[PDB]
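Below is one structure; the comments refer to it alone.
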Amino acid sequence: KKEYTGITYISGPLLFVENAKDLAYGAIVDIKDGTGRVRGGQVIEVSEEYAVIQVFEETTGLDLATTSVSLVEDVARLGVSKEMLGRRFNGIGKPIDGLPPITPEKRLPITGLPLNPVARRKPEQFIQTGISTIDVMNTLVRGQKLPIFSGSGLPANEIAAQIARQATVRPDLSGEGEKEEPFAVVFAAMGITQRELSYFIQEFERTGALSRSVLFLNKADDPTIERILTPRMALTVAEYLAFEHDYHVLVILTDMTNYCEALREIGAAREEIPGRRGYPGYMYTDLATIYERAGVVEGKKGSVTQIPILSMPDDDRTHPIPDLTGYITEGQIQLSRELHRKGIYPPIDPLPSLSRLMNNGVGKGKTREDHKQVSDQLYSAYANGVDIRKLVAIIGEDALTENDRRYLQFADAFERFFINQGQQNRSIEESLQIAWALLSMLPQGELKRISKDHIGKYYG
Amino acid sequence: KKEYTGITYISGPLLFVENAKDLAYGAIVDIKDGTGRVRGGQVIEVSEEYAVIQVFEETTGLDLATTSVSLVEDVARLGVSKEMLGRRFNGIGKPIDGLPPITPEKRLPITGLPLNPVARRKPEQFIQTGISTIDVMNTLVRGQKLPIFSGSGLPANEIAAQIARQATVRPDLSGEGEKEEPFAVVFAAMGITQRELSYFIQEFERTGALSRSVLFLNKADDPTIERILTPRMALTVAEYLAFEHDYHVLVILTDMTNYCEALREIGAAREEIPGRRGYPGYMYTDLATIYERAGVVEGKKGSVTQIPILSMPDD
Amino acid sequence: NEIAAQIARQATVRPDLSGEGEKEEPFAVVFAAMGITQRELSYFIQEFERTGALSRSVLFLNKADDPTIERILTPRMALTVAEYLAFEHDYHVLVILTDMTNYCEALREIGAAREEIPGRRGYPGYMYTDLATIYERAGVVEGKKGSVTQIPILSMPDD
Amino acid sequence: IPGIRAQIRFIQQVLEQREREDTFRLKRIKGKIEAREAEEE
Amino acid sequence: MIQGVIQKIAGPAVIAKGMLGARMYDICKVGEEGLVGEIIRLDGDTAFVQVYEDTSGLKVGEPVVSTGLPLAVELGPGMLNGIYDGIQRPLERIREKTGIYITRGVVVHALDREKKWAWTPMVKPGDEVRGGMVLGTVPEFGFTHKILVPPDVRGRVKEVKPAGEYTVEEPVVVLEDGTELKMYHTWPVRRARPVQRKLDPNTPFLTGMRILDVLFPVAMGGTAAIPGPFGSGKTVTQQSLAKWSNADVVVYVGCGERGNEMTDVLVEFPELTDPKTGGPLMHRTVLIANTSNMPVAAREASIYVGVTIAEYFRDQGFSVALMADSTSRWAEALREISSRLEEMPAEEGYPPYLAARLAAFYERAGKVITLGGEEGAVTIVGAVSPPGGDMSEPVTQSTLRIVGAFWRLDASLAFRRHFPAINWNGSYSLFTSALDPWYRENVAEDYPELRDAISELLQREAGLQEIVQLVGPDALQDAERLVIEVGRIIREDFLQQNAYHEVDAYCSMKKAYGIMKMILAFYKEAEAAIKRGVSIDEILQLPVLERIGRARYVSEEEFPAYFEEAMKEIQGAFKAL
Amino acid sequence: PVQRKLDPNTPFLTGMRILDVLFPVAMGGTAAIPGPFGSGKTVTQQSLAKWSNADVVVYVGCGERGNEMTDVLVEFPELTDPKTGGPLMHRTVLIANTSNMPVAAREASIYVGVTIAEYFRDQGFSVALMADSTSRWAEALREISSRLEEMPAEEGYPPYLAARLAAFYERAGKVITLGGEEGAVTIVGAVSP
Amino acid sequence: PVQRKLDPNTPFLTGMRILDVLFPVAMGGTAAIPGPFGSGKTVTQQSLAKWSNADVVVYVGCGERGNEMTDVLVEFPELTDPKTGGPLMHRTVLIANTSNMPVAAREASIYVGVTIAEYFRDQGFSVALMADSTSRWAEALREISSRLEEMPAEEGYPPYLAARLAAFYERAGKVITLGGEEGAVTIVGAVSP
Ligand SMILES: Nc1ncnc2c1ncn2[C@@H]1O[C@H](COP(=O)(O)OP(=O)(O)O)[C@@H](O)[C@H]1O
Ligand SMILES: Nc1ncnc2c1ncn2[C@@H]1O[C@H](COP(=O)(O)OP(=O)(O)O)[C@@H](O)[C@H]1O
Ligand SMILES: [Mg+2]
């Protein structure tokens, strides 16, 4: 090995290195202080004169004299294997469980090679969640990405925890489904409170999620460039598993807004002009870089489903982060401070919540017969039930007829029994029969979007 | 003849010419790529070290070896004749009819000079238009400028092709002199869909106003310099035919919003600070150039009356 | 200007309800003006000669037709004398710093001549520290009966 | 409805004005730093 | 040719040394891998390569060579049944070669080069050729194909090859000016294939759905626009006007979108049926496709690739419908490639030259005559998808300024089960007058009057429905109830096409004019009935309305045996009462 | 320079009804008239030039139409001030700067106007000055400061525009000159936001 | 360096009704309180400092007005400890840096307050740190980064700002210390937009 000493211009998070024309662009270096300590850094802006090393941590022990830099792993990769399904990491990929660090089966580049679209069929078999208001009204299918437009003060992380520890594919509605396929949950969390990291490790290790869920948890006080590199690590592990062993991989990306602010900080650090509202102009393609690595494949059997969760800043949707995510992904689900301060867990009001891929995904053979009719009927019924509920403050309850009194009792019982769940583990059949029990409160003949035979076959 | 070479730095629509000292600010050059195609360019920011040629067209395939730059016509002159009544021109003004090119009669500069305001009389006589609210409540006095505001999906093109044809001055409501003052309409199309160009050709040929009008149609797929240069071509031919033949020319500037997007598109070259919403702040001086060029002069029977039609970008 | 004039001519600490006897010393006005035009100047000096305050007051006038950078020196130069007359002679100095908006425009001019990155609406970042080092040279100290009470007059741009 | 649309559109355009000023200034200061890299020799 | 080296790499901007005399905007292979850059901003010796792909793992002092050609496309036979990226690299052969990902720094050619096509010569040695003249035919899928001399080339032809079974790398002819001429040729993508004159629209682009030529014509050589929301079925409309068009060559361009909203295009479009000869539609349809994670300038120049390929098909005397997808995505691509250039922004965030680039896009579309001198037309059915949904954004603003036929699609009408989802109270055409003499000469001499009448009715219905909305649609008066029932049956019968029906998939002008005259005759027959002495509701239950409700589902090859029969049937049916 | 500045106690009789009934201007005072397009502004300036109690009207119009200047020069040598007789034109010095004339001349023009106003206030004349469309003078400052590559602030107007504008308006007032005469110069500044 | 961190089962018993009942702070947790000028930040913080259940209160004035600080210094030793009977200043280490006091000292003050609170949480106490005006520390970062000729982030702060703020709010959290015992830092941070 060689060590590039003789370095000038240490400034902020950057430092220059004279006559290092061997560092390729995007090379990982380790900065050995004269005092025996080693930092990590990434090489940008190589020249014939000097290369630039951005430093992960704060530059504090450095000096112009006693500084050396050493190349390690000239493009950033990771060692990947299957045995790592209970192993916490932090961005880099150091184990933090106090357990033996693994040996590689492969050595994959952390950046994504994009998918040839001809090798992607359409995603058309579902995956339940446990959350009945997800799995009834606006379903999730294997391969789709759909975000959670969480509020800035709502419990997003409990929802991420519960859906990570509860969601399992069910093949017994399909064509003689076997359970030889495992189900890998890859869970990345970036820019997080210490308290909620302890909450996540408690929640994962309490119900046996830890046996089958790999974790990339890095904190806020970690360097921002590790928050850039973390979902690259999570998605290349997801791609390795699902496309090299034909698994079913659900990936959950906590707090994409932290990824956004780390991207903006590193853009302004590496000295380039920001664009819309002080954001980098390449945020769209860099955000597609870690969304569009999911899907299903013609020929293979894998399934990469991607739930990112993003905190909107103060609940607008023309902010650039939810604009790009609602402009890239397939639909959204949306939390609400209204229904949460009213007091319901999970706080999903569904009336702005929408999938754009349920139409291809559900149906007989796939999951169930009546599913789309139930979804549309409940959507329109709760839609006019909300407006009747806000109208009745003026009109007076006696001054409305029998039918809209039934609608208002429908909304009142609906938000108590269908949505309000807490930790109540529900599957899809209980979801449908509670949907029909709620729809029984409307009189028959009012159910105009459900054909007659389903009424005769399910009413109660 | 007199070909500078030595191009140090070509960046966008701008390039830097070494050893240039005989050039002049605001002059015109042609750039000659080695393959055999010229391009127009303008000479700005003349220094002893180098001179900044703004390229007019898109740059493509230029080099630093064979980029032959040559000075062409220091003042931005134009060969103007009389008998241009009724021929389609380019945005530059080159003919597109199959007809032969015109013999020039005066190669005058297309920028024009400010009128001396102790030489202008008041706009004091009338012209008849077709449109009744333009004729009675509004009134088009001969010798002024007035715009037509319009909207995004509103018919202004048909009002343009209507006032170009059903509008002639009535001389016998005043005293007499009716032969010696004929009428002419200069019609500059700043930025057009091709469908509009078809509509204007068919309507002008139908009504026969092509024996009085002069056509400066843009064909707005051309480079933006032709869009920004056609109003000055139109008003230069208008001022020649109105102050050397004593006519009473009505001028129609078609859209002015394709004009202003052409101006905000060339304005993001020098990195001057943009004004309100991206329009570069010298736009008021440029519109004062292409508006207050009109007016009436004492001693002559000339009049240049301006109708700039502009839509709002939103209402 | 008239509110500042009325508080200049007819404001008085009331010793009797405070319960200390009396010394009943009237005030002392440090009137520092930064680009008042001519009319406000006329009104203030005629108001002061009609209330008879010019035998106990000082004026640092930096008018509109004066040059535009000495506005940075005017309030600090006035408050130096204010600190002086308070903390060496046991006074009750009231300081009228008129029209701080012209101070802030002069600060904007000297901040933009030196290319410095401004905050909101083109004002530089150190405007906080400079308005601090104008304002917080005021208050009361322990033991010394001198005191400084300031009225700075702002002019809100879009009210 | 239209008065509130006019007010919201006006606030949108004045924020766009502020953003154009600040990207102009950052373009200027990047020009400064490139000029200073030239200035050092 | 010009082999220089790299002296600086900053992100995707590679500053390269040694290329003095290198041209502007060329290919510039980079490194031992070889990445396709583009050359901007020359300075003395250096040249600023912008690299399309990520520059992870390149060093200083690595060789960089150029090609000299600008960003070109290749043209010839075999382009049909083609799927490409934004820089025309056929993704079927790329998944065939190198796995299911896309390895950076790979190169294939557009054409196949290893299929012996069947040449047929048509000029003789002793002739001379000017640019744009055909000189040899190739049959591809039973679609006739015509090899042109590339434009701005002329010369006397010699060494003409006989009827040979050849490959694309055999020059069929040579000039006597040097200059061999092969089947393929390259063309710079940023300008039009020059053509001797364009025309003015006197031909209606037969879409085939029975609203969007009748009330909202688009006039072949024209230009449309559709904003497409989710919950309206844009894809089935694109398949319908790709399946039942007047145009014989479709260029579909997916200029970057959601990947799963493009895999339905990949797995549904080659299982359509070309309903003219019999096979799938892919034997006459070129397909460009992009995800959102491909290199950026590929996604930018994608639609220029599409337009230039469509011009190559228009110079063979054809009828090209270019349908472009989601132009706002292309605006996002242009915005991102602007922010790499550090450009001063515009109204929303865009470049200042957005209107100029959309002008250069749309105005390369019209009914035109070739340099060979025959008619062909390259009209555009290009879409728009509003990100914000607000129609004040500059992309929809400039699109609505430039295009000549603006349609709308609603989330409300498909929610009310109205297929297609066209709104007729917010959409507008401009191609009425230029299609008026064609309509008079080739439909009838009252078809413009009759569409004036139905446009009056669809203005009038929503003009009057407020008191229907408030009071109640039972207690109106006895002309307006007939207007409501006529407008309702206008909606439910003249507007509503089930595109998956076997015979209702298509509507030529005589069927539309026939149903159109039938419903106006019903209106001014029932109005006579209600103005003489009777009320409305006893008219509303009648086998006339059954016959109008079946009148769209009768085949056109029973239509002379349906039209005047039902006409006199309605006539006598109210003459009796 | 003057001996001393007085206080304004006598109204500049502006002549129009609202402008002295409701919101009057004194003889040494300054007034600002905003107003967008289509709100007159030129009818009002020419009316103040015709009907006042001035002694000399210095009409300095910068960044402006040509028809206004030739209107003022056509229709003044027949109308008559109320005090004297003869043409109105013999008390009006006007400095035209039409908006097609080159952009740097405006900052010369405005100070030429106020200098002529002071030379006539030194001769016992209650000078009225009409500075028309000073927003174009602000555009002239914006254009030269953007030519000279300084920092812009608040939409390109260079941050010493308040110093320039204050030193302009402060030249007005009611003074007594060194000879012993009194005098006043008043400024009507038409701003076009 | 601390041995282990935990999850908090103990509230910060504030003393005010809303800021204990409807919006609680757990003893390891942190809290932010933004508010415009003239709204009641400082009186809220002094209410906390007078009536919390803290063994030791570190009070950090980072860029404020001086009378706030001298009011505290006069007003606390005349009062009563809620826990013990002592004078209330005996549980408060006060770190002050008022606005006129020099500019770059603010980063020093805001790190020194949290490190003295970290010393006292290493003694098994339970510490309340009321630090106000971290916006002024961001503004001091704007100050010194403006003279380095650097490229600022959104609105003018140097772009490692949120990294510094996350590193600052890291240090709390109901921790089991090195000597076996447990302790806590809670942080009440005022942010002034
Ligand atoms: N609980 C309270 N009771 C009475 N007055 C209060 C109370 N809280 C705040 N105030 C008043 O609110 C004002 C705001 O003080 P301050 O904390 O400086 O506001 P801010 O810091 O929010 O600008 C103080 O003058 C104080 O008199
Ligand atoms: N042309 C100039 N002359 C003097 N000072 C300037 C100029 N331009 C900017 N300044 C200001 O003066 C400071 C000069 O910074 P610099 O010379 O890099 O380091 P130092 O702070 O040691 O002087 C900058 O912060 C800048 O805001
Ligand atoms: Mg406060």
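As shown in the structure tokens, the chain order sets the letters A, B, ...; within each chain, residues go from 1, and ligands are also counted from 1 in the order they appear.
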Item to check | Within 9 Å of residue F:34 using only C-alpha atoms, minus same-chain residues under 2 positions, as a PyMOL selection string | outcome: chain F and resi 32+36+41+189-193
Checklist entry - Skipping near chain neighbours, those fewer than 2 positions away, what residues fall within 9 Å of stretch 2-15 of chain G using only C-alpha atoms, listed as JSON, numbers by chain? => result {"A": [194, 195, 196, 198, 199], "G": [17, 19, 20, 24, 25, 26, 27, 28, 29, 47, 48, 49, 50, 51, 52, 53, 54, 122, 128, 173, 174, 175, 176, 177, 178, 179, 180, 186]}
Next on the checklist: Contacts from chain F to chain B, 6 Å maximum, only C-alpha atoms: show me the residue list as a ChimeraX atom specification.
Outcome noted: /F:70,99-100
Item to check | Neighbour list for residue F:156 as number ranges by chain, cut-off 12 Å, only C-alpha atoms, skip fewer than 6 positions in-chain | outcome: B: 272-276, 280-282; C: 112, 121-122; D: 17-18, 20-22, 24-25; F: 138-147, 149-150
Quick one: chain G onto chain F, least squares on all Cα paired in order, result as a short mmCIF file (atom, residue, chain, number, x, y, z; two decimals) with C-alpha atoms, in the first residue's frame?
```cif
data_model
loop_
_atom_site.label_atom_id
_atom_site.label_comp_id
_atom_site.auth_asym_id
_atom_site.auth_seq_id
_atom_site.Cartn_x
_atom_site.Cartn_y
_atom_site.Cartn_z
CA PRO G 1 -25.91 77.12 -1.23
CA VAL G 2 -28.83 78.94 0.31
CA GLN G 3 -28.85 81.26 3.31
CA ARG G 4 -31.67 79.83 5.40
CA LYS G 5 -34.60 77.44 5.12
CA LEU G 6 -38.07 77.96 6.55
CA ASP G 7 -41.48 76.52 7.34
CA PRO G 8 -44.15 77.08 4.67
CA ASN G 9 -47.27 79.18 5.18
CA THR G 10 -48.27 79.30 1.54
CA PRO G 11 -50.12 76.64 -0.47
CA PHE G 12 -49.41 75.41 -3.96
CA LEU G 13 -52.68 76.60 -5.48
CA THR G 14 -53.05 73.66 -7.83
CA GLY G 15 -56.12 74.34 -9.92
CA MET G 16 -57.79 71.02 -9.26
CA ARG G 17 -60.29 70.52 -6.47
CA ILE G 18 -59.05 67.52 -4.54
CA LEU G 19 -55.33 68.31 -4.95
CA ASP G 20 -55.82 71.66 -3.26
CA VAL G 21 -58.64 71.07 -0.79
CA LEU G 22 -58.16 67.61 0.67
CA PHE G 23 -54.50 66.92 -0.01
CA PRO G 24 -52.68 70.25 -0.15
CA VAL G 25 -49.05 70.89 -0.99
CA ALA G 26 -47.35 73.76 0.72
CA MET G 27 -45.19 75.85 -1.58
CA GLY G 28 -41.95 74.64 -0.10
CA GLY G 29 -43.21 71.11 0.24
CA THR G 30 -42.83 68.14 -2.06
CA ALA G 31 -45.41 65.70 -3.31
CA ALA G 32 -45.41 62.20 -4.71
CA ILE G 33 -48.05 60.76 -6.97
CA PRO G 34 -47.79 57.04 -7.77
CA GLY G 35 -50.15 55.40 -10.18
CA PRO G 36 -50.32 52.33 -12.41
CA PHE G 37 -50.23 52.50 -16.18
CA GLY G 38 -53.31 54.02 -17.77
CA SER G 39 -54.49 56.03 -14.79
CA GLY G 40 -53.94 59.74 -15.45
CA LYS G 41 -50.49 60.78 -14.26
CA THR G 42 -49.51 62.85 -17.27
CA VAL G 43 -52.85 64.61 -17.65
CA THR G 44 -52.72 65.49 -13.95
CA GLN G 45 -49.24 66.95 -14.36
CA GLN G 46 -50.26 68.92 -17.42
CA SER G 47 -53.26 70.25 -15.51
CA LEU G 48 -50.85 71.47 -12.83
CA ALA G 49 -48.48 72.93 -15.42
CA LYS G 50 -51.34 74.77 -17.08
CA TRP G 51 -53.01 76.16 -13.97
CA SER G 52 -50.63 76.44 -11.00
CA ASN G 53 -49.58 79.70 -9.36
CA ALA G 54 -45.91 79.35 -10.35
CA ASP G 55 -43.63 82.04 -11.71
CA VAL G 56 -41.50 79.41 -13.48
CA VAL G 57 -42.35 75.78 -14.23
CA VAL G 58 -39.53 73.32 -14.87
CA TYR G 59 -41.03 70.29 -16.57
CA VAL G 60 -38.86 67.17 -16.50
CA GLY G 61 -39.79 64.26 -18.71
CA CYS G 62 -37.42 61.53 -17.55
CA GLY G 63 -38.05 58.51 -19.71
CA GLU G 64 -41.43 59.03 -21.35
CA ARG G 65 -43.20 58.87 -24.70
CA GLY G 66 -42.59 61.62 -27.21
CA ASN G 67 -46.14 62.64 -28.05
CA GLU G 68 -46.58 63.79 -24.45
CA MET G 69 -43.74 66.20 -25.02
CA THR G 70 -44.71 67.46 -28.47
CA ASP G 71 -48.32 67.89 -27.27
CA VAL G 72 -46.97 70.24 -24.63
CA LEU G 73 -44.78 72.08 -27.14
CA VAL G 74 -47.69 72.64 -29.52
CA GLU G 75 -50.36 73.21 -26.91
CA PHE G 76 -48.84 75.73 -24.52
CA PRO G 77 -47.91 78.79 -26.72
CA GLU G 78 -51.49 78.91 -28.02
CA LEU G 79 -52.74 79.57 -24.47
CA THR G 80 -52.81 82.09 -21.63
CA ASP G 81 -50.61 82.67 -18.60
CA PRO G 82 -52.70 82.73 -15.41
CA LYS G 83 -50.36 85.29 -13.81
CA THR G 84 -49.43 87.58 -16.70
CA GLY G 85 -50.97 87.67 -20.17
CA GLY G 86 -48.07 85.98 -21.95
CA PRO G 87 -47.91 82.66 -23.76
CA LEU G 88 -47.74 79.83 -21.24
CA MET G 89 -44.43 78.45 -22.54
CA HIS G 90 -42.66 81.61 -21.32
CA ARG G 91 -42.91 80.29 -17.75
CA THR G 92 -41.78 76.74 -18.58
CA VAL G 93 -38.28 75.46 -19.10
CA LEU G 94 -38.83 71.96 -20.43
CA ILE G 95 -36.21 69.25 -20.03
CA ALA G 96 -37.00 66.15 -22.05
CA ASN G 97 -35.54 62.69 -22.39
CA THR G 98 -37.97 60.32 -24.06
CA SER G 99 -37.78 56.55 -23.84
CA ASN G 100 -36.03 55.85 -27.14
CA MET G 101 -33.47 58.55 -26.36
CA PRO G 102 -30.31 57.05 -24.81
CA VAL G 103 -30.27 55.25 -21.56
CA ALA G 104 -27.76 56.84 -19.18
CA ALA G 105 -28.90 60.40 -19.95
CA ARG G 106 -31.76 60.09 -17.44
CA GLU G 107 -29.71 60.77 -14.31
CA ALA G 108 -28.31 63.81 -16.12
CA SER G 109 -31.80 65.02 -17.01
CA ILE G 110 -33.22 64.59 -13.53
CA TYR G 111 -30.34 66.44 -11.88
CA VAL G 112 -30.39 69.17 -14.52
CA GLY G 113 -34.09 69.89 -14.01
CA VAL G 114 -33.65 70.38 -10.29
CA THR G 115 -30.56 72.51 -10.72
CA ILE G 116 -32.31 74.86 -13.15
CA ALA G 117 -35.21 75.06 -10.72
CA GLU G 118 -32.63 75.86 -8.07
CA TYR G 119 -31.22 78.65 -10.23
CA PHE G 120 -34.67 80.14 -10.58
CA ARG G 121 -35.43 79.90 -6.89
CA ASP G 122 -32.27 81.89 -6.32
CA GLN G 123 -33.96 84.77 -8.19
CA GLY G 124 -36.80 85.20 -5.72
CA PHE G 125 -39.34 83.52 -8.01
CA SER G 126 -41.60 80.64 -7.04
CA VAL G 127 -40.87 77.54 -9.08
CA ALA G 128 -42.90 74.40 -9.78
CA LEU G 129 -40.93 71.36 -10.92
CA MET G 130 -43.03 68.54 -12.33
CA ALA G 131 -40.64 65.64 -12.68
CA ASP G 132 -42.10 62.35 -13.74
CA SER G 133 -40.87 58.78 -13.77
CA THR G 134 -38.02 58.80 -11.26
CA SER G 135 -38.60 55.04 -11.35
CA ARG G 136 -37.00 55.25 -14.79
CA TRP G 137 -33.99 56.93 -13.21
CA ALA G 138 -33.88 54.07 -10.69
CA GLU G 139 -34.14 51.74 -13.65
CA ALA G 140 -31.24 53.48 -15.38
CA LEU G 141 -29.30 52.93 -12.18
CA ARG G 142 -30.26 49.26 -12.57
CA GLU G 143 -28.97 49.43 -16.18
CA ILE G 144 -25.50 50.74 -15.49
CA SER G 145 -25.08 48.90 -12.20
CA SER G 146 -25.89 45.66 -13.99
CA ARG G 147 -22.81 45.95 -16.19
CA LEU G 148 -20.41 46.69 -13.35
CA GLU G 149 -21.06 43.16 -11.97
CA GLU G 150 -22.33 44.48 -8.67
CA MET G 151 -24.64 43.08 -6.05
CA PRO G 152 -28.08 44.69 -6.40
CA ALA G 153 -30.42 45.44 -3.52
CA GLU G 154 -34.09 44.43 -3.24
CA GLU G 155 -35.54 43.49 -6.68
CA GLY G 156 -32.52 44.80 -8.61
CA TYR G 157 -31.81 48.40 -7.89
CA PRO G 158 -28.28 49.34 -6.76
CA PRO G 159 -28.40 49.94 -3.02
CA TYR G 160 -27.61 53.67 -2.85
CA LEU G 161 -30.99 54.34 -4.48
CA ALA G 162 -32.90 55.81 -1.54
CA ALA G 163 -29.84 57.89 -0.65
CA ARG G 164 -30.00 59.39 -4.14
CA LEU G 165 -33.75 59.94 -3.88
CA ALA G 166 -33.42 61.67 -0.51
CA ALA G 167 -30.66 63.86 -1.94
CA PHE G 168 -32.99 64.71 -4.80
CA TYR G 169 -35.99 65.61 -2.65
CA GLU G 170 -33.76 67.65 -0.32
CA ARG G 171 -33.49 70.64 -2.60
CA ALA G 172 -36.99 72.11 -2.22
CA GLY G 173 -38.30 74.02 0.75
CA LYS G 174 -39.35 77.74 0.76
CA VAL G 175 -35.94 79.20 1.32
CA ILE G 176 -34.51 82.63 2.00
CA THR G 177 -31.83 82.99 -0.65
CA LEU G 178 -28.43 84.65 -0.64
CA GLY G 179 -29.59 88.04 -1.90
CA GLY G 180 -31.95 88.66 1.01
CA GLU G 181 -35.11 87.84 -0.92
CA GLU G 182 -37.02 84.58 -0.58
CA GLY G 183 -38.14 81.98 -3.06
CA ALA G 184 -39.39 78.45 -3.34
CA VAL G 185 -39.08 75.17 -5.19
CA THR G 186 -41.96 72.75 -5.11
CA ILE G 187 -41.59 69.26 -6.52
CA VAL G 188 -44.29 67.05 -7.98
CA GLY G 189 -42.67 63.66 -8.51
CA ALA G 190 -44.37 60.84 -10.33
CA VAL G 191 -43.25 57.37 -9.31
CA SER G 192 -44.25 54.52 -11.59
CA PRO G 193 -44.34 51.14 -9.84
#
```
